[PDB]
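Q:
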Amino acid sequence: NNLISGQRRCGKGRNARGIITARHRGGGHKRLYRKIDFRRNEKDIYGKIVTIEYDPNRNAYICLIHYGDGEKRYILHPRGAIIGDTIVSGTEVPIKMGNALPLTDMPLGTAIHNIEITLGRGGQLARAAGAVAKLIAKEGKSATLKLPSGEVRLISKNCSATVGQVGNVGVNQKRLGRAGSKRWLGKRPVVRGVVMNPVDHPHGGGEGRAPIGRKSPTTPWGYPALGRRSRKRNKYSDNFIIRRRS
Amino acid sequence: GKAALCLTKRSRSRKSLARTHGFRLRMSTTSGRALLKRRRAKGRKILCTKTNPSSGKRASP
Amino acid sequence: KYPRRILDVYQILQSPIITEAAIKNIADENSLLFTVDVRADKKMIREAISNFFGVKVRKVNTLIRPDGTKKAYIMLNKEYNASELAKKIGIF
RNA sequence: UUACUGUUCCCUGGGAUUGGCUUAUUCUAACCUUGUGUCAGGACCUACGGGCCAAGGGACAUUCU
RNA sequence: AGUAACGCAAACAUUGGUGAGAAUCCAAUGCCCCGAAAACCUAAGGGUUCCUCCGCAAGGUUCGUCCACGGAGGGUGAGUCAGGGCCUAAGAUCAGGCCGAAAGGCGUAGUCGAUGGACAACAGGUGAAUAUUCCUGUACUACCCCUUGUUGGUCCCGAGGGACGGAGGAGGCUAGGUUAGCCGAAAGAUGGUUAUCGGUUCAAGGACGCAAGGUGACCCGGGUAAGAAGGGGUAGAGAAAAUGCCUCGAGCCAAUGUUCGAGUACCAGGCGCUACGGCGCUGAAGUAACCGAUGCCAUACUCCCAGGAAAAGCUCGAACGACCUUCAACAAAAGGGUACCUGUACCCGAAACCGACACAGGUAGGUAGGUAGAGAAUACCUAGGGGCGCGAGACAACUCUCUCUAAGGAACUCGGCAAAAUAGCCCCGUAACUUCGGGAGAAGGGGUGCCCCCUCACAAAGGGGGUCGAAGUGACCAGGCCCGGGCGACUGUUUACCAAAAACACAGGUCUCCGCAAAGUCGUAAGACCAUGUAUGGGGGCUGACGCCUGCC
RNA sequence: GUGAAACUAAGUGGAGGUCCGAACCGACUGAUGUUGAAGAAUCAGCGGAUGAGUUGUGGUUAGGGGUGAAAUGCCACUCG
RNA sequence: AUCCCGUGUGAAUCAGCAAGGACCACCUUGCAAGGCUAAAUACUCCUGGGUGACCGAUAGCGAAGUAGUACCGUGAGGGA
RNA sequence: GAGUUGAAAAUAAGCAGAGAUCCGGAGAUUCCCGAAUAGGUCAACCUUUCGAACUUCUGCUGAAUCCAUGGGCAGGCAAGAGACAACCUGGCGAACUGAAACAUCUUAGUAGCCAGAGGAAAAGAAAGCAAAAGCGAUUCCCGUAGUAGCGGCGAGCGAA
Ligand SMILES: [Mg+2]
Ligand SMILES: [Mg+2]
Ligand SMILES: [Mg+2]
Ligand SMILES: [Mg+2]
Ligand SMILES: [Mg+2]
Ligand SMILES: [Mg+2]
Ligand SMILES: [Mg+2]
Ligand SMILES: [Mg+2]
Ligand SMILES: [Mg+2]
Ligand SMILES: [Mg+2]
Ligand SMILES: [Mg+2]
Ligand SMILES: [Mg+2]
Ligand SMILES: [Mg+2]
Ligand SMILES: [Mg+2]
Ligand SMILES: [Mg+2]
Ligand SMILES: [Mg+2]
Ligand SMILES: [Mg+2]
Ligand SMILES: [Mg+2]
Ligand SMILES: [Mg+2]
Ligand SMILES: [Mg+2]
Ligand SMILES: [Mg+2]
Ligand SMILES: [Mg+2]
Ligand SMILES: [Mg+2]
Ligand SMILES: [Mg+2]
Ligand SMILES: [Mg+2]
Ligand SMILES: [Mg+2]
Ligand SMILES: [Mg+2]
Ligand SMILES: [Mg+2]
Ligand SMILES: [Mg+2]
Ligand SMILES: [Mg+2]
Ligand SMILES: [Mg+2]
Ligand SMILES: [Mg+2]
Ligand SMILES: [Mg+2]
Ligand SMILES: [Mg+2]
Ligand SMILES: [Mg+2]
Ligand SMILES: [Mg+2]
Ligand SMILES: [Mg+2]
Ligand SMILES: [Mg+2]
Ligand SMILES: [Mg+2]
Ligand SMILES: [Mg+2]
Ligand SMILES: [Mg+2]
Ligand SMILES: [Mg+2]
Ligand SMILES: [Mg+2]
Ligand SMILES: [Mg+2]
Ligand SMILES: [Mg+2]
Ligand SMILES: [Mg+2]
Ligand SMILES: [Mg+2]
Ligand SMILES: [Mg+2]
Ligand SMILES: [Mg+2]
Ligand SMILES: [Mg+2]
Ligand SMILES: [Mg+2]
Ligand SMILES: [Mg+2]
Ligand SMILES: [Mg+2]
Ligand SMILES: [Mg+2]
Ligand SMILES: [Mg+2]
Ligand SMILES: [Mg+2]
Ligand SMILES: [Mg+2]
Ligand SMILES: [Mg+2]
Ligand SMILES: [Mg+2]
Ligand SMILES: [Mg+2]
Ligand SMILES: [Mg+2]
Ligand SMILES: [Mg+2]
Ligand SMILES: [Mg+2]
Ligand SMILES: [Mg+2]
Ligand SMILES: [Mg+2]
Ligand SMILES: [Mg+2]
Ligand SMILES: [Mg+2]
Ligand SMILES: [Mg+2]
Ligand SMILES: [Mg+2]
Ligand SMILES: [Mg+2]
Ligand SMILES: [Mg+2]
Ligand SMILES: [Mg+2]
Ligand SMILES: [Mg+2]
Ligand SMILES: [Mg+2]
Ligand SMILES: [Mg+2]
Ligand SMILES: [Mg+2]
Ligand SMILES: [Mg+2]
Ligand SMILES: [Mg+2]
Ligand SMILES: [Mg+2]
Ligand SMILES: [Mg+2]
Ligand SMILES: [Mg+2]
Ligand SMILES: [Mg+2]
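Residue numbers (the authors' numbering), protein chains in the order written: chain AC, 26 to 271; chain Ac, 92 to 152; chain AT, 103 to 194.
(1) Using CA atoms only, rank isn't needed, just tell me which of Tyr104/AT, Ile176/AT, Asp139/AT, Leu187/AT is closest to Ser133/AT.
(2) Does the stretch 45-52 of chain AC come into contact with the stretch 64-81 of chain AC, if we say contact requires no fewer than three beta-carbon pairs (one atom in each stretch) closer than 8 Å?
(3) Looking at the unbroken alpha helix (DSSP H) that takes in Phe154/AT, where does it start and where does it end?
(4) Tell me the rounded alpha-carbon separation between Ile29/AC and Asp80/AC.
(5) In the DSSP assignment, find the unbroken alpha helix (DSSP H) run with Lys133/Ac in it and report its ends.
(6) Check this for me: beta carbons of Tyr86/AC and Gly192/AC, under 8 Å apart or not?
(7) Among the residues of its own chain, which have a CB less than 7 Å from the CB of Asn259/AC, if the five just before and after it don't count?
(8) Please tell me whether residue 272/AC and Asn183/AC are closer than 8 Å, where the distance is taken between their beta carbons.
(9) Cutting at 6 Å between CB atoms, please list the residues of its own chain near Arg33/AC, excluding the five before and the five after it.
(10) From which residue to which residue does the alpha helix (DSSP H) around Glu131/AT run?
(11) For the beta strand (DSSP E) holding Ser181/AC, just list the boundary residues, first then last.
(12) Do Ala186/AC and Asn139/AC come within 8 Å of each other at the CB atom, strictly closer than that value?
(13) When the Cβ atoms of the stretch 215-229 of chain AC are set against those of the stretch 199-206 of chain AC, are three or more pairs found closer than 8 Å?
(14) Looking only at its own chain, which residues have a Cβ that is under 6 Å from the Cβ of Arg148/AT, when we skip the five neighbours before and after it?
(15) Quick check on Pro152/Ac: buried or exposed, where buried means 16 or more other Cβ atoms within 10 Å of its Cβ?
(16) Can you give me the Cβ contacts of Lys257/AC inside the same chain, cut-off strictly under 8 Å, excluding the 5 residues immediately before and after it?
(17) Does the Cβ of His54/AC have 16 or more other Cβ atoms within 10 Å, making it buried, or fewer, making it exposed?
(18) Could you please give the first and the last residue of the uninterrupted beta strand (DSSP E) stretch that includes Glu117/AC?
(19) Does DSSP classify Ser185/AT as helix, strand or coil?
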């Protein structure tokens with residue numbers, strides 16, 4: 026319970042200047058922040074699951090952990106988890122769901138999530154609901170694996186990760202029945218640029234329902250909206266990429 | 092039950108107006124320090140119209 | 103040990119008030135009316151009357167006029183008598 | 001706007017920042033990134049940060065011309 | 001041009017008085033209006049408009065002896081109300097630090113910052129103008145003194161706690177209301193009559209304690225072993241806390257209630273005085289039943305997804321570190337004593353704020369009576385406040401706001417614009433079509449008052465009989481309906497001041513970009529948002545529920 | 001009801017960008033006013049009225065800009 | 001050319017270097033990459049004195065009286 | 001050097017040839033806000049341990065880290081801060097306009113903003129002008145001269 030707090034970055038979408046950078050953010054119901062442990066430190070101790078709580082700040086559920094020393098933590102909810110299951114973070118830990126260990130000690134073809142790219146920062150990849158990363162192979166310094174996007178990235182071997190697939194896979198199946206359910210999440214109505222005036226969007230003017238009237242569809246800031254790859258050329262992580270998603 | 096178009100002054104509290112037009116607000120920025128320089132050379136009696144103390148009969152609380 | 107503010111203790115009491123209501127208050131409440139400095143307090147006024155006339159002060163109540171002049175109701179203990187002290191000054 | 005002349009974002013080459021051994025690939029020492037790793041005053045910095053030690057990149061890139 | 005108008009169609013009228021002078025000022029009587037306000041408080045704001053005396057130049061849309069006007073003087077009393085001396089959110093500043101022609105920008109701790117949290121009072125009386133502020137009575141908070149005991153404490157630090165949503169309805173109470181009873185008074189020129197009129201009231205707080213209410217393991221009432229609230233002990237990095245283990249414990253929860261406070265206090269009425277103001281004595285009864293909250297128990301319970309602030313006060317407790325000390329410090333009961341700053345007037349559904357006006361307007365929140373009624377709608381009334389700041393006559397056209405209008409009934413008209421009609425409750429009966437939810441109150445018909453009985457009133461409804469009227473939800477209040485087609489799916493949003501739509505949005509669908517030091521966006525830069533998120537996610541373009549489909553280059 | 005389910009009748013429950021309708025927020029039609037009582041109001045009806053609701057207090061975004069369920073609309077009766 | 005900067009390169013020391021309007025030669029002149037320095041000069045919110053073919057209350061400073069007052073505006077500000 | 005207690009009479013009391021009132025020089029006090037600077041703040045107020053905050057100066061002590069740095073303590077009417085019409089210096093740096101349009105150009109290195117400083121500032125004691133003859137720091141005025149030149153060789157600009 027003490028891991029929950031109300032100290033959050035109020036004023037979503039607004040930067041320090043106070044101008045809207047990330048549009049269509051506002052309203053929505055209030056939500057407290059949960060402290061989830063992604064590093065999975067405090068190794069070589071058993072901890073059992075008791076609750077499966079609701080986290081408004083994400084798509085997946087969480088799980089409360091109770092260790093023998095009295096500490097309490099939050100983690101993501103794997104798929105086939107049930108109350109009473111144990112979890113361990115270590116090196117010689119057996120390879121089953123809920124446990125955490127580096128990629129060196131894992132076999133090939135494992136369902137993995139909560140992957141970290143660097144040591145200490147904690148897991149960053151494969152957090153969403155129903156997310157999973159398949160380990161393809163490993164060779165010497167680093168280890169390649171597949172991501173939910175279908176891309177094959179080359180991650181270091183000493184990085185930690187959690188086994189299994191994230192819970193509540195069946196969340197896309199429900200369709201938001203009406204617009205009010207969208208505003209409850211904090212997503213304001215999206216206006217189309219073709220309806221605007223020319224000063225506001227390049228597609229604006231023209232009597233009637235105007236077509237694009239341009240060589241290509243464009244963003245509100247002039248650049249095209251389709252096909253142009255936005256990845257920075259000669260990026261630091263360019264050698265760690267094996268292929269492109271699909 | 093709709094206010095007319097010309098009601099731009101809805102009798103807001105003087106506490107907030109001092110925080111927006113008060114003496115301490117002008118002395119913070121460089122422009123406000125020059126603002127008072129213009130009103131003193133002008134010779135105006137009341138330099139800041141929208142100002143009130145923290146206590147006394149003028150206090151908004 | 104410090105007072106609240108620092109100023110002339112002998113300026114705390116400018117002059118009394120002479121009205122038909124004030125004189126009526128002396129006999130009913132055993133009180134006295136005095137105009138006081140704006141920077142004055144109930145402690146300094148309580149200590150003041152204890153030293154000038156050598157009498158006890160049951161309670162002190164004050165207020166600031168619209169003109170920025172402070173007034174002070176001073177109720178003496180029942181042992182003394184404000185009417186007797188009034189004649190010592192000259193006012194009835 | 002496929003009017004004229006220009007500016008900016010962005011891409012690319014030469015030069016500086018910028019170095020070593022090999023036949024373009026490697027190496028670590030500049031430089032980039034990170035630490036809930038550690039030390040620190042009267043005290044705290046698990047509050048940014050500083051010093052130290054490590055980890056991942058690496059003379060590419062960022063920056064200037 | 002002495003022309004228009006003098007700011008609602010709530011309504012004035014008489015007597016008497018004041019005075020040089022009165023439709024306009026004062027009083028009395030009667031009439032009429034508001035009465036979820038046109039009533040009483042109160043926040044912001046205004047800033048002396050409040051009270052008394054004097055005056056009437058100007059101001060008041062008339063008058064004026066009056067006034068929110070003018071002059072003079074006076075008036076706002078707090079340990080408990082509100083705010084500060086306590087805390088913090090949004091947000092604003094920011095030691096150092098980073099960035100930058102300058103100004104300066106970003107930003108860490110920290111500090112400011114109520115619209116929140118925390119914290120101690122009521123009744124009655126006094127009255128030119130103030131009182132939960134003054135007086136009386138009864139309480140509370142903090143500090144100090146005193147008396148014993150303890151004899152290391154106080155900060156830092158650790159932990160607990162504070163600490164929270166919406167919707168829904170049930171139950172137990174009270175406020176409040178009605179009636180009855182009791183007490184007192186009354187003849188209100190009428191046919192009769194007392195069946196009429198009035199009163200029947202009291203808080204904060206202290207002390208006690210609760211179900212037939214809610215909760216707490218065990219059965220179809222009994223039995224029984226763990227088990228609730230609430231405590232204790234123990235192990236490990238290990239004081240508290242947390243986690244695990246063991247153990248005691250049938251009672252717990254709190255609005256209400258009882259009693260004191262609470263006196264012949266308050267009070268109808270009566271006896272006398274008067275300059276008619278009130279004063280001075282006297283002062284009975286002071287109970288019960290029914291109805292019953294939108295308020296209390298109550299972040300009590302149930303359900304649901306959108307998943308519902310922080311800090312301090314408070315409580316528990318070791319070590320390290322800091323300060324101080326044998327009382328000079330901590331802690332317990334009684335008693336006694338002591339008690340900072342500012343606001344407090346007056347208006348506040350307005351003539352004093354906001355609208356240039358004494359403007360048919362706008363202005364958060366609290367209190368919420370009686371009859372009928374589902375109701376805070378509506379109609380008439382109580383408390384209380386008002387009669388709208390020019391009037392008197394006359395009763396042409398014409399205009400506006402309203403009522404009825406023979407026969408006909410949309411022939412009017414761009415157009416059934418406007419007006420008229422419908423209307424409630426209880427029964428009967430309800431189509432095509434459909435996404436099976438709807439359509440639907442479909443449509444369309446019958447009944448409706450009062451009195452007696454059935455009937456035991458079973459809170460009702462129903463049945464039978466009788467009776468009045470042209471007319472029974474008789475007033476106010478209170479749906480018009482049906483067939484067909486186009487657009488858009490629908491609830492919603494939009495050009496404040498000529499356009500509410502077929503436009504926008506919408507759930508959904510599709511394409512494309514982004515592997516986190518992310519894309520994108522704002523910045524000279526540092527950096528910020530995106531995100532304390534991680535491809536079931538984020539940004540962007542088009543389309544716009546659903547159903548059948550979405551071709552060729 | 002079945003082998004178990006599917007399915008199905010009652011009762012309980014009280015959901016909804018649900019219905020009628022005051023306050024509150026809005027402003028569709030018409031009349032009146034149009035040197036107005038009023039620089040957008042009065043009167044009579046009308047729409048939503050547990051929600052994408054309304055509102056107070058205290059704040060944020062400032063012009064080669066901001067904001068915009070997007071009208072070139074709003075940003076102190078002033079906005080291509 | 002002379003003078004002053006960003007980027008990148010990079011000399012010489014009197015037998016020398018720079019300048020003399022691309023540059024070379026000869027001659028002349030001068031000695032950069034350190035610094036300070038009065039006077040003649042420009043201005044009037046003001047002070048004292050003096051003088052006006054300057055105004056005389058719609059003039060002259062906005063202002064001959066409580067003028068940057070009254071008044072208007074959220075404010076900057078405008079302004080009798 | 002004879003009457004006085006402002007404008008500003010009146011009233012009530014004083015001072016004064018033992019030389020007042022008044023006029024000058026040097027001093028004292030100088031409440032609150034304000035650079036504001038004990039802390040906070042809605043300027044003229046609040047809370048307070050009662051303090052010129054911060055930077056600088058003079059000392060003491062001496063983190064990571066040996067020397068050091070950064071902190072901490074104390075002293076010290078204690079240097080600096082802010083204000084200031086115009087002129088002056090430096091930095092940023094327009095547009096309408098003119099060219100009968102307009103971009104090179106002009107308006108213009110003007111306006112305005114920021115910063116700083118003085119009564120003046122800035123400049124300034126030849127790595128200079130000049131041309132075969134000579135001058136001997138800088139600045140200002142006359143004049144050279146609207147000349148030599150620059151310029152979509154256009155408008156216009158303009159030396160020594
Ligand atoms: Mg449009
Ligand atoms: Mg465009
Ligand atoms: Mg177009
Ligand atoms: Mg077309
Ligand atoms: Mg309203
Ligand atoms: Mg007071
Ligand atoms: Mg470190
Ligand atoms: Mg750190
Ligand atoms: Mg005429
Ligand atoms: Mg006429
Ligand atoms: Mg008129
Ligand atoms: Mg007339
Ligand atoms: Mg009526
Ligand atoms: Mg009055
Ligand atoms: Mg008159
Ligand atoms: Mg008159
Ligand atoms: Mg008056
Ligand atoms: Mg209080
Ligand atoms: Mg700083
Ligand atoms: Mg901060
Ligand atoms: Mg604070
Ligand atoms: Mg508050
Ligand atoms: Mg308090
Ligand atoms: Mg009153
Ligand atoms: Mg808690
Ligand atoms: Mg009779
Ligand atoms: Mg323990
Ligand atoms: Mg009062
Ligand atoms: Mg009052
Ligand atoms: Mg109101
Ligand atoms: Mg009104
Ligand atoms: Mg008006
Ligand atoms: Mg009623
Ligand atoms: Mg009504
Ligand atoms: Mg009535
Ligand atoms: Mg009248
Ligand atoms: Mg009137
Ligand atoms: Mg009238
Ligand atoms: Mg007819
Ligand atoms: Mg016809
Ligand atoms: Mg016809
Ligand atoms: Mg109609
Ligand atoms: Mg009708
Ligand atoms: Mg029907
Ligand atoms: Mg139909
Ligand atoms: Mg109706
Ligand atoms: Mg047609
Ligand atoms: Mg629609
Ligand atoms: Mg609609
Ligand atoms: Mg319109
Ligand atoms: Mg509409
Ligand atoms: Mg319209
Ligand atoms: Mg629209
Ligand atoms: Mg990025
Ligand atoms: Mg469309
Ligand atoms: Mg609805
Ligand atoms: Mg409705
Ligand atoms: Mg609207
Ligand atoms: Mg209406
Ligand atoms: Mg309605
Ligand atoms: Mg309707
Ligand atoms: Mg509807
Ligand atoms: Mg601004
Ligand atoms: Mg501009
Ligand atoms: Mg406007
Ligand atoms: Mg040269
Ligand atoms: Mg030459
Ligand atoms: Mg030379
Ligand atoms: Mg003049
Ligand atoms: Mg004249
Ligand atoms: Mg200060
Ligand atoms: Mg300060
Ligand atoms: Mg000094
Ligand atoms: Mg200065
Ligand atoms: Mg130009
Ligand atoms: Mg031109
Ligand atoms: Mg021209
Ligand atoms: Mg000077
Ligand atoms: Mg001089
Ligand atoms: Mg000079
Ligand atoms: Mg000089
Ligand atoms: Mg110099």
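C-beta atoms are modelled at their ideal positions from N, C-alpha and C, and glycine is treated no differently.
A: From the atom records:
(1) Out of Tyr104/AT, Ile176/AT, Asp139/AT, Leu187/AT, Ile176/AT has the C-alpha closest to the C-alpha of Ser133/AT.
(2) No contact exists between the stretch 45-52 of chain AC and the stretch 64-81 of chain AC.
(3) Per DSSP, the unbroken alpha helix (DSSP H) holding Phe154/AT starts and ends at 144-154.
(4) Between the alpha carbons of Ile29/AC and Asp80/AC lies a gap of roughly 10 Å.
(5) Residues 121-133.
(6) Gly192/AC sits close to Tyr86/AC, with the two beta carbons spaced by under 8 Å.
(7) If you ignore the 5 residues before and after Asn259/AC, its C-beta comes within less than 7 Å of no other C-beta in its own chain.
(8) Because chain AC spans 26 through 271 in this model, residue 272/AC falls outside it and cannot be assessed.
(9) Within the same chain, and ignoring the five residues on either side of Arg33/AC in sequence, the residues whose Cβ sits closer than 6 Å to its Cβ are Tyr58.
(10) For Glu131/AT, the enclosing alpha helix (DSSP H) has its first and last residue at 122-131.
(11) Where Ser181/AC is concerned, the enclosing beta strand (DSSP E) stretches over 177-181.
(12) Their beta carbons are under 8 Å apart, which means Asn139/AC touches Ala186/AC by this criterion.
(13) With the cut-off at 8 Å, the stretch 215-229 of chain AC and the stretch 199-206 of chain AC do not touch.
(14) Contacts found: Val159, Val162.
(15) Result: exposed.
(16) Taking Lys257/AC as the centre and dropping the five residues before and after it, the same chain places no C-beta closer than 8 Å to its C-beta.
(17) That one is exposed.
(18) Segment: none, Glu117/AC is in no beta strand (DSSP E) and carries neither H nor E.
(19) In the three-state DSSP reduction, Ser185/AT falls in the helix class (H, G or I).
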